[PDB]
Amino acid sequence: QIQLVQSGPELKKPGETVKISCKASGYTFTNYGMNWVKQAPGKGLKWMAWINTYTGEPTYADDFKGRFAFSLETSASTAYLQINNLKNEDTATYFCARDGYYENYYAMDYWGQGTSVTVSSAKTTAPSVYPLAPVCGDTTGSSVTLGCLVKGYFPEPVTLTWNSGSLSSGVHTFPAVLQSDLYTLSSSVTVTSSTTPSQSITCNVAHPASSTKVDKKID
Amino acid sequence: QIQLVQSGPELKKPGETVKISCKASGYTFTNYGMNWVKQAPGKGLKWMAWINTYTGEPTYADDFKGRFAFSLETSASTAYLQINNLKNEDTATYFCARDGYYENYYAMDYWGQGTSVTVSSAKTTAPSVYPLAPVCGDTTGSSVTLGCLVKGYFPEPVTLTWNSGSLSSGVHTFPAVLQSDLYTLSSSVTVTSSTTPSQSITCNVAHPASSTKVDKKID
Amino acid sequence: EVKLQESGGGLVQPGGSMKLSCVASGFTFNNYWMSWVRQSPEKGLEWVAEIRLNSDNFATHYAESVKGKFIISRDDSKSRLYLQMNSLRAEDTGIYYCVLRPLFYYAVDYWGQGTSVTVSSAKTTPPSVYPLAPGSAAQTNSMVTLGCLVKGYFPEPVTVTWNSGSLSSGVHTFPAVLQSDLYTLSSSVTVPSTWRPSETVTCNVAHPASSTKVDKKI
Amino acid sequence: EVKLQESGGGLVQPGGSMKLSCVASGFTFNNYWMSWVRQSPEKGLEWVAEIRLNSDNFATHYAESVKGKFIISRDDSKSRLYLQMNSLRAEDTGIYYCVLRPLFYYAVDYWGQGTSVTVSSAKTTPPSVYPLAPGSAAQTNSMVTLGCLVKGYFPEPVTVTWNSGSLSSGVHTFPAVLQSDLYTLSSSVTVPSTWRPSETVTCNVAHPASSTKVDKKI
Amino acid sequence: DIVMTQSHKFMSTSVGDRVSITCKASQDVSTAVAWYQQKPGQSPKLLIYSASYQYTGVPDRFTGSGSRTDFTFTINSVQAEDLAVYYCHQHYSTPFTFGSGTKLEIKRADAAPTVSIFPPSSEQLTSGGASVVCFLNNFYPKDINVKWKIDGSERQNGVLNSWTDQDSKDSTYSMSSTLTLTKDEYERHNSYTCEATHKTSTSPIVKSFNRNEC
Amino acid sequence: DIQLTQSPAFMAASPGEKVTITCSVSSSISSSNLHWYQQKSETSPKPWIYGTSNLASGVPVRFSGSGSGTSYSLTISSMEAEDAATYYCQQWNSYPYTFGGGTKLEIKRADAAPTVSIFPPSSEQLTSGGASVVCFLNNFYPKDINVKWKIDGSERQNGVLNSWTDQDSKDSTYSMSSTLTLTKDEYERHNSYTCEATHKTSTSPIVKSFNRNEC
Amino acid sequence: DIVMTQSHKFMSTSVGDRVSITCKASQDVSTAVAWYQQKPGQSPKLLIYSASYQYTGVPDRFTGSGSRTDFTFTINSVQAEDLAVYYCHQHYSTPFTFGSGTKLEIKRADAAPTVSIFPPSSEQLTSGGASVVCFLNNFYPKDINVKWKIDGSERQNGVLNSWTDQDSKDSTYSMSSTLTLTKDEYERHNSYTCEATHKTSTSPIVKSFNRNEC
Amino acid sequence: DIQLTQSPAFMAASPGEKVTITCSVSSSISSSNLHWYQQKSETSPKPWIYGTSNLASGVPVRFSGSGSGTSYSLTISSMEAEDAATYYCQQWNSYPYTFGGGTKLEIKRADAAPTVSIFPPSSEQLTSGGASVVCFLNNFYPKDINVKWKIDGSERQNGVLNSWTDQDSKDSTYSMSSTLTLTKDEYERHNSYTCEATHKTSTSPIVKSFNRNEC
């Protein structure tokens, strides 16, 4: 019942400001502490700050005491990180972890999903979704493999589901790639050898630019 | 076996000096302390000083810290009181009492015989001893009573014994009296009613002026 | 925010029984720890027992000075703490304080004031309050000092004040001293230079074994 | 006059046994009292046992801290005192001193130096003696300071000296400190201004658990 | 500050085997050490708190040792799922220093990849682009030499590859390779080959097609 | 037991000096679990600094803590009135929660002569035939003072009950109390009651006296 | 200094009776109090040390009580021998203050005195003096009116009396009365009377003699 | 138990001032059974005054005791070097023979700047790969000093072992010791070793340093 839900992903131009929330639920926000951790892309987990949700008193790690405002809104059981004058390094996935007492010492028991703050001047530009059927190659023997290709989009978070819940099969969603400040990603689904092509497999594509293209693949 | 023996009596003119010893015996002089007490004639016991026979360190009562030197000669187990520039008040019987520990506290367990220091300019003058027989009074009925009279002597200590050890009978030695700086004393002995006069009763008189008159009484 | 009011101290026979409470006002934590600490010049400040309610858990703990003589309890529904100390000995005398802190890495603990606890065979003796007043003598510095003696009372707590707290400046309440199983002390006030001393300037003394007092002067 | 030499201190297992002696030289009293006193910052100076030979009498006495764990004995023919302490606990650690005084109203007592007594499960660890020496650095004041470190040894007694007592001026032996069940310390000497420091200036360290040392320098 | 240094950054170990991860503190931090595990994409979960006590939900597989300066985490028998970066974290003094992490690369038996070459979508070419993609699925070892060939020789520019980290269900890698031409460049060429050169076959897997109409 | 050693246990500082007191611990311990406390004259300990660096509250910014594992210290930018007290360092890491000794904090001042005051036994006291002579040696500095009782030019010390106070937090001075407790026999059989005091301010013992008006 | 004050200086008590002697200290001296007893002539012996413990040789008759400021000594049943001055002594602080003492005057039944008049010795008169003495032995009460009478009326000058303190074996007093004339004054007188006027006989005991030759 | 209360427990006196320390007792006791003792830096207690007024021996005449029943005091005509120490009052009257707390005796002086001295770990120590940096802050006054360790311009306190001394009996000064104890990894991976000290004599922290010549 206990879960920490954060803000959605954010794109911000350098110099700008951002505020990310991290709401509690299933438990009382004021009896346990909270940490903000950061993970630079590819890179590792770095501890930012810690905060007593009761007195609203934070302790920043030195590398974050400056243009970093860790606040909180107790009534609604949510914490907030404020970031001013964003910069190249400010791109990373930011995490809230609950501080718990266990056996004389503390540990961050319940972590939040993460948040992607991406700083760029490159304008948001909605993706094209192309269904990939294999037709005229009779790639029919053992099993069949279809694929989706989503080209040219920005920022990086896109949700690629197949028939919303076909994933039980061999879905392979490959990480995106950055060329000329655009993004490219593709998924592959391997379906029942000789048996499913008689039933529609659709490529579902959601992207926070209110774009939603569900491109079915015939053939 | 344990006894404290002092110096003999002393006569000293005012202004003079005196030293009185107090020897130990039957025990070790250095394991217990010592006090010097004083008793003015008729008057009461006054604490003078206390001394640790080991370090030779005395503590005088205020009224005696001045021309009073309380010393000691350990080898011979004797203490000494020194008195300089004698005066009227200096006449008294001086006592050494051993300090003993009993039940967490001290008390003067073994006292010495006493010492008479008499300060006067009046010359030592040896006594006349007169035997007192009752003759021509037939004081014979119940019992008989004879008497000795020692007249004109100085200082006050005289030893009046009867037949040296007849004392078991009713001896009455009356205290001396001081008239014109001379001394007078008398003893009475009551003997066997109708039975002893057939045996010699003698009056023995010793006085520290090397005088010794043993005056028998006939009749 | 949090407010800690404790009560229950007193004088008890050695081998006897004592029970101390502590009420946590506005203390709404579900996960915290409560401890009892004691103080006396025979040994300084020393920890005795701790109870802790971490989600599903009441884990109590004790030391040498109490293993088997004292026990911690915690049940109003959610406010009071209970130190049940019995089989009390002569060295258990001190003032006891409840200390508290919610389970946070960084946190300030809350402390109460404490209640004195005296363990003796000596019975309670009330204080004798004697008013002090000069005559001509104390015309020393330019101001006016007069006081109040407090004779051979027994259990140590006490509250000497003046005009019930009206004139609280220039006061000097001295520490209690002990002559033969009994305590004594004095307070001093130095009221304004001129000759307004001795009347309607009252010495109120409070001594918990049911003896309160308000005394007068020359 | 009187001279008191005691010996017998050491490290023993808790629950183990210890026996301390004390020889009274030139102490010819037939009636006196002998006591044992102990010291430790956990409790300061505290009396433990007393024997007293008052003509015909050997009356011993003890307190809380020892009733049944320690016992006093007194029989060479006439010189030595014996504290038999067994069933030793962790709080019996301290330095013990015999105090003496003949039965006189006024009298100075005699005290020995004492022997340390350490009660632990920790075994003996010898000291590691490291010589200290500057290079160019310590050319601060006009004189010459160089020292000697003394690493993690166990039982506390120790004797750091220089040239075996030759140069006993300008020395600073610091108190031992305790990091995890082990002690450490350093001594300092500030030999004459000029450049005669480091050779034939020896650091001798004595540690009773059979480890003596004489160390060199730069 | 207090440096937490992890002995080895990459760690390769076969299913059913044992691997112990060491982690050192610069200054004694006592047992206040926790191990978190991070699977790709998803967020990190607590595994071993207080340097020796397992957290709820975690299995008896996952263990920990540690005292003052030296700590360890041992998965007694690894599985296809235990793929991640395991980090240690001190929570004693102010700056809660973290260690670098340790990725586990499970060693396994070689596997040739299923290959699929896809011709550009109809909709795509009308818009102007002509992206041909090739999926080289479920292989092992990791390195694969993808190589295209258009109308004869190979094309080097226009391409952009992409990989997934070891698949958690069979410990296999997979990769996408996309070549992007413009509708123009595309209609000037008929034959296209996807060329997977790779370790488990001295001879390459070749998938191809040439402009047909279906 | 975890030994917390404070240093020094004894300190006198020029008003305004940057004071620093330390606290050494036997075994390493986490920074979040070392609190400090201030105990003025005769109140209750006030938590002063929690964590190892967080001032409790109403605690002026002049105060500050710092340390880790085995070493910790408490600094005060500039020493002042309200700072004179006793400071202890706790340990809420392992059981048994031991406290550390203490540091006594004396603040210096410019010398001050005492305000002696002599008082005769209360007529209401003499009811019981008990009479105790009271004397107050108020507002002085330093704490070094010798207090003599004289009855008819005689010095008495049997039955004299003295009690001191600590440094006042407003003006850093002291106060002493000396009570000659006696009976109406020993009392009513003497006249001159003197309260003499030898302090570092005059080479002329301050005397306060009164000649008895009894029964 | 610390004043030791004894309640009563003189104390009269009948044989077999009980008498308690009080003694007060000016400042608490705890039980460090001792009682000494002093018979006439001879030196004082220790009786009760530490305010409650009898000294060796002393009987169970002699007891003591006492604590801080108030002390007592009680001879449960007095005897003819217990005649003396009993002093108390503190031995706590420096000046060992002593109390004044307390003489015991044992009350007893009246007794007329045996009387003896002695004529001057032969040897004495040749030397010049003529001392006639009269012993009034074993009487009670103490006051006795001795009176001489020569050749008729009484002589007032020339006399010099002397007493003994209560006799320890029967609690009786005794006295000597000497008149001294010069051989001259003596041969001018023939009759001499010793006149003991005293309480236990409304009529006086008269011993006499007049110049005879024996 | 018989409570012996000493006052004060804490004292600083101008060299040459007439110092007086008291000792209050719970119940009255005989004067012959109250001894005093002097305990210098780290020796054994020397009986100082027996009886209540008798100097033990080699005890200068400057010293003297006085008291009775419940009150006692120890005076020193003029306070001096060899007098700085801790004084206790005993009680050999009733069992249990309790001792009284203590009086710490600080003697004042004219300020003195410290003689810092930095030392590199012994090559013979580094045998074991253990390296402890040593520093001596010698002959200073007052006892108030703040000692900082710096590695490459960084302040470290984990593993620093300080030890002080008492007032020297010849010149009343202090001495401190500070040891940075570390490993040949953490050690050999850094260069500048600094020993900084903030004392009341310069508003310029004294620094002693050395740049490592290791392996």
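Residues numbered from 1 in each chain as written, not as in the entry; some residues may be left out. Chains lettered and ligands numbered in written order. Heavy atoms only, no water.

Structure determination for this entry is recorded as X-ray crystallography, at 2.9 Å resolution.

**What about the overall build of chain A?**
This is how it is decided: Elements are defined by DSSP. Helices are runs of H or I of four residues or more, strands are runs of E of two residues or more, and each kind is numbered from the N terminus. Using C-alpha atoms as the atom set, the radius of gyration is obtained and then compared with a globule rule of 2.2 Å times the number of residues to the power 0.38. Only protein chains enter the area calculation, which uses a 1.4 Å probe; residues under 20% of their type maximum are buried, those over 50% are exposed, and those in between are partly exposed.
Along the backbone of chain A there are zero helices and 18 strands. Since a compact globule built from 219 residues should have a radius of gyration of about 17 Å, the 22 Å found for chain A marks it as more spread out than a globular shape. Taking the principal axes of the C-alpha coordinates as reference, chain A spans close to 65 × 40 × 30 Å. Buried residues in chain A amount to 49% of all 219 residues.

**Section: the state of the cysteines**
Two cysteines whose sulfur atoms are joined by a covalent bond form what is called a disulfide. Residue and element names in this part refer to chain E. Using the following cut-off: Put simply, a disulfide is two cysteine sulfurs that come within 2.5 Å.
Across all of its chains, the model carries 18 disulfides over all chains by this definition. One disulfide bridge connects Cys-23 with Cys-88, the sulfur atoms lying 2.0 Å from each other. The sign of the 90 degrees torsion about the S-S bond sets the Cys-23-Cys-88 disulfide as right-handed. Residue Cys-23 is located in strand β3 (residues 19-25), and its partner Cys-88 is located in strand β9 (residues 85-90); the two are separated by 65 residues in the primary sequence.

**Comments concerning the pattern of salt bridges**
Our working rule: We define a salt bridge as a side-chain nitrogen of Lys or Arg found within 4 Å of a carboxyl oxygen belonging to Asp or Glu.
Tallying each qualifying case throughout the model produces 48 salt bridges over all chains. Residue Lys147(G) is joined to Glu154(G) by a salt bridge in which the shortest nitrogen-to-oxygen separation is 3.9 Å. On the accessibility criterion, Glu154(G) (36% relative accessible area) is partly exposed. Between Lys184(H) and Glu188(H) there is a salt bridge; the shortest N-O distance is 3.6 Å. Of the two residues, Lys184(H) and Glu188(H) are both situated in helix α1 (residues 184-188); the distance of four residues between them amounts to about one turn of the helix.

**Regarding the sheet that holds strand β14 (residues 159-162) of chain D**
All names here are of chain D. Where we set the bar: Any two strands are treated as partners once DSSP identifies two or more bridges connecting them. Under this scheme, a helix contributes an axis fitted over its contacting stretch, all axes are lines through C-alpha atoms, and angles between N-to-C directions fall in the 0 to 180 degree range.
An order of β14-β18-β19 is seen for the three strands of this open sheet, with the pairing classed as antiparallel. Each having just a single partner strand, β14 and β19 (211-215) make up the two edges of the open sheet. Geometrically, the sheet is characterised by an average inter-axis angle of 15 degrees between neighbouring strands, direction not taken into account. Relative to strand β18 (residues 203-207), β14 runs antiparallel, the two sharing four bridges. Looking at the pairing, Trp-162 lines up with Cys-203 of β18.

**Comments concerning the interface of chain B and chain D**
Quick note on the threshold: Contact between two residues is taken to exist if any of their heavy atoms lie within 4.5 Å; hydrogens are not considered. The term buried area denotes the loss of accessible surface (1.4 Å probe radius) that occurs when two parts are joined, taken as the sum for both partners. For the purposes of these results, a polar contact is taken to be a pair of N or O atoms within 3.5 Å, where, inside protein, one atom must be able to donate a hydrogen and its partner to accept one; residues adjacent in sequence count only when each atom of the pair is a side-chain atom. Here the nonpolar group is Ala, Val, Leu, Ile, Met, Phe, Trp, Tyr, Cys and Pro; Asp, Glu, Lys and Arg are the charged ones; every other residue, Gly included, is treated as polar.
Each partner contributes to the interface: chain B provides 11 residues, whereas chain D provides 16 residues. Across the chain B/chain D interface, buried area totals approximately 1,200 Å², and carbon plus sulfur atoms make up 57% of it. Connecting chain B to chain D are zero salt bridges. Seen at the junction of chain B and chain D, the total is four residue pairs in polar contact. Here the side of chain B that touches chain D is composed, by residue class, of five nonpolar, six polar and no charged.

**A few points about the packing of aromatic side chains**
Heads up, the rule is: Any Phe, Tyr or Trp ring, taking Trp's six-membered ring, that has another such ring centre within 6.5 Å forms a pair; planes under 30 degrees apart are called stacked, those over 60 apart edge-to-face, and the others tilted. As a reminder, the over-ring test applies to NZ of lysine and CZ of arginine, requiring each to be within 6 Å of the ring centre and within 35 degrees of the ring normal.
All chains considered together, the criterion is met by 102 aromatic pairs over all chains. With a centroid separation of 4.8 Å and 45 degrees between ring planes, the pair formed by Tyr105(C) and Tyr106(C) is classed as tilted. By relative accessible area, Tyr105(C) is classed as buried at 3%. According to the relative accessible area criterion, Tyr106(C) is buried, its value standing at 6%. Three or more aromatic residues link up through ring pairs in this structure, and these residues are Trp33(C), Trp47(C), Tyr97(C), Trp111(C), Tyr37(F), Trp92(F), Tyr95(F), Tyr97(F) and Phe99(F). The cationic tip of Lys19(A) hangs over the ring face of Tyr80(A); the distance from NZ or CZ to the ring centre is 5.6 Å. The cationic tip of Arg98(A) hangs over the ring face of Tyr27(A); the distance from NZ or CZ to the ring centre is 4.7 Å.

**What to know about empty space enclosed by the protein**
Condition: Here a cavity is any set of points on a 1 Å grid over the protein atoms alone where a 1.4 Å probe fits but cannot get out, and a pocket is any open set with protein on both sides within 12 Å along at least 5 of 7 lines; a residue lines the site when it has an atom within 4 Å of a point. Grid points are joined across faces, edges and corners, and a volume is the space filled by probe spheres set on the points.
Scanning all chains against the criterion turns up 17 cavities of 30 Å³ or more. A volume near 160 Å³ is recorded for the largest cavity. Forming the boundary of the largest cavity are 15 residues, of which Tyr101(A), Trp33(C), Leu103(C), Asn33(F) and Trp92(F) lie nearest the centre. Those elements that provide at least two residues to the lining of the largest cavity are β5 (44-53) and β9 (94-102) of chain C. Among the residues making up the lining of the largest cavity, the classes are represented as nine nonpolar, three polar and three charged. Its boundaries defined by the atoms lining it, the second largest cavity holds a volume of some 140 Å³. In this structure, the second largest cavity is lined by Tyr101(B), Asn104(B), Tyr106(B), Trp33(D), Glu50(D), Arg52(D), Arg101(D), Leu103(D), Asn33(H), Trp92(H) and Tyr97(H). Taken together, the residues that form the lining of the second largest cavity break down as six nonpolar, two polar and three charged.

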